[PDB]
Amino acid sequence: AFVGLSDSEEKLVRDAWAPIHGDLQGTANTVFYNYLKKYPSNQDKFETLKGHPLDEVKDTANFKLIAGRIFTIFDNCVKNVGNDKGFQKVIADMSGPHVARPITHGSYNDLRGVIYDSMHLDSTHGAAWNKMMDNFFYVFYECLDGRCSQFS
């Protein structure tokens, strides 16, 4: 279920995210590369990337756009961490294009973990981060299951 963050937890999340926020596209490029390299079955889900070696696409416009738009969503979730409806709406809006896609919970959760590992958070910040990400996945998966309207 969705579980709100305290004011103090919101601050922890903003602080945890600050290094990424200040280098959003650069972080996105690295994290998205590391994700596709560690979990190679996922590159095929991206039609613009499909059929080419990862090291050939990593430097391309198409690749950087995809990595950017993932991180722009998380950046907007963080922006909205103190507004549950606003946070939910960010997710609701990005969920529609994923609904029909053959992407497993495993794949999404693997990306969550690459992001986590990259942040090297202490346990206080990591706890707050995981509250937010648990909310993120709650909403996202509700929307993938066609129960997106409950957040409206």
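One rule holds for the numbers: they count along the sequence shown, beginning at 1.
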Between 54 to 62 and 105 to 113, point out the one with the higher average CA B-factor as the PDB entry records it. 54 to 62
Criterion, highest CA B-factor; candidates, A127, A100, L36, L121: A100
By the record's CA B-factor, is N42 among the lowest, middle or highest third of residues in the chain? lowest
For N29, the third of its chain into which the C-alpha B factor falls: middle
Using the B-factor values recorded in the entry, state whether the Cα atom of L144 falls in the lowest, middle or highest third among the modelled residues of its chain. highest
Using the B-factors in the PDB entry, rank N76's C-alpha atom against the chain and give the third, lowest, middle or highest. middle
